[PDB]
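First comes the structure, then the notes that go with it.
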Ligand SMILES: [Mg+2]
């Protein structure tokens, strides 16, 4: 049994998902235990890189572990989708054309070294036992530790484009953009964009608002410290159709509150292989239809619906935080404190305005 620090980076696709999946792959090996996972780090490539590290225990030999990693790199399907490197193994020093441990660039890459030292604050490079790596890390300079984590409970950030959020000024439409930014900085792992509050809205106009914002998102891809997973919040079948046709590459999930056309909707999610949610307003009958039309069960969440993995939407809802003249600075606090409790529980996804 040896301890290895595995470095995991990615700047392509669903970034945090690729990282979670490489970790899942390793944990699933009968001869590997996962000891600890580092924080998530952002560095610049062209899209932003997402890097972390994991400390494992394993009876694998370095070269055999090298073999496993290339395998995993091909499973996740490797702008690199996934890059896996043996960063270190205790005080092990190994030089072979095949591999070097510690990794030759460990001490040149802050996105490698920072997570390592986070996992092993007392670690010294065995080739250079006198090198205080804290000093080196700082010399390497640039590195953003994100508030997004590899926790079990992912936080979905609400981005409403409807009339509720309207404060546009003479020459600026910046509020929803500012809102996306705040959410991403405060650690939302996911973003749920919906364009309806009120007076009904057409398919064409619902589509227009969603499209303009996704195109805006895409134009910002290399400017985001973290590229969140994207959930599309609409109950209209034709909206899904058009939005998925244009933007399926950057969408992770469809979140539909009202069921009509559930048949054609599943047929659409299946073609696109996307996550689906089930809200109230039994879940079984729906599940079966979805399951029927070709929707893999794991790709589907349920929501009980204040108004199979578990999504809960409870943000700024009075009925569930104890009802409602209360200000936003108070509504969030009941959410934020109740969020902090669902995380503790198993909760897979929580939908919130503030993290
Ligand atoms: Mg490599």
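In the entry's author numbering, the protein residues as written are 1 to 45, 56 to 88, 97 to 215, 220 to 303, 325 to 350, 374 to 389, 391 to 422.
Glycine included, each C-beta is placed from N, C-alpha and C at the ideal position.
Beta carbon of residue i nearer than 7 Å to that of residue j
i	j	result
residue 232	residue 273	no
residue 154	residue 125	yes
residue 44	residue 5	no
residue 260	residue 225	yes
residue 262	residue 208	no
residue 205	residue 242	no
residue 269	residue 236	yes
residue 288	residue 333	yes
residue 297	residue 275	yes
residue 24	residue 133	no
residue 210	residue 170	no
residue 57	residue 292	no
residue 271	residue 376	no
residue 212	residue 255	yes
residue 196	residue 177	no
residue 258	residue 168	no
residue 119	residue 112	yes
residue 302	residue 350	no
residue 421	residue 399	yes
residue 299	residue 344	yes
Per-residue burial, residue i [other beta carbons within 10 Å of its own, 16 or more giving buried]
i	result
residue 378	buried
residue 7	buried
residue 194	buried
residue 335	exposed
residue 312	Because residue 312 lies between 303 and 325, and the chain jumps straight from the first to the second, it has no atoms in this structure.
residue 18	buried
residue 85	exposed
residue 9	buried
residue 346	buried
residue 248	buried
residue 408	exposed
residue 389	exposed
residue 412	exposed
residue 69	exposed
residue 327	exposed
Minimum C-alpha distance to residue i - residue among the options
i	options	result
residue 16	418, 100, 391, 121	100
residue 59	252, 268, 12	12
residue 160	170, 281, 143, 129	129
residue 418	39, 201, 238, 83	201
residue 1	22, 30, 20	30
residue 182	199, 198, 215, 102	215
residue 131	42, 240, 82	42
residue 404	178, 213, 203, 382	382
residue 136	196, 39, 122, 343	39
residue 76	102, 98, 67, 97	102
residue 117	73, 350, 82	73
residue 79	180, 21, 240, 199	21
residue 67	338, 112, 27	27
residue 290	70, 337, 148, 3	337
residue 110	143, 127, 82, 123	143
residue 203	162, 396, 340, 138	162
residue 339	395, 238, 69, 295	295
residue 108	380, 138, 406	138
residue 267	229, 191, 299, 127	229
residue 220	395, 397, 180, 374	180
Beta-ladder partner(s) of residue i, from DSSP
i	result
residue 3	67
residue 112	119
residue 174	208, 418
residue 399	According to DSSP, residue 399 bridges with nothing at all.
residue 10	60
residue 275	253, 297
residue 217	Since the model of the chain passes from 215 to 220 in one step, residue 217 is not part of what is shown.
residue 261	Answer by DSSP bridge pairing: none, since residue 261 is not bridged.
residue 376	345
residue 190	187
Residue i: first and last residue of the uninterrupted beta strand (DSSP E) it sits in
i	result
residue 345	343 to 345
residue 43	41 to 43
residue 298	297 to 300
residue 33	32 to 37
First through last residue of the alpha helix (DSSP H) which encompasses residue i
i	result
residue 213	Where residue 213 is concerned, there is no enclosing alpha helix (DSSP H), given that its DSSP letter is neither H nor E.
residue 124	Premise fails: residue 124 is in no alpha helix (DSSP H) and is neither H nor E.
residue 391	Premise fails: residue 391 is in no alpha helix (DSSP H) and is neither H nor E.
residue 77	72 to 85
residue 243	Run containing residue 243: none; DSSP gives neither H nor E here.
residue 335	326 to 336
residue 166	Unbroken run through residue 166: none, as it is neither H nor E.
residue 356	Residue numbering in the chain jumps from 350 to 374; residue 356, which lies between, is not modelled.
residue 20	15 to 27
residue 154	151 to 158
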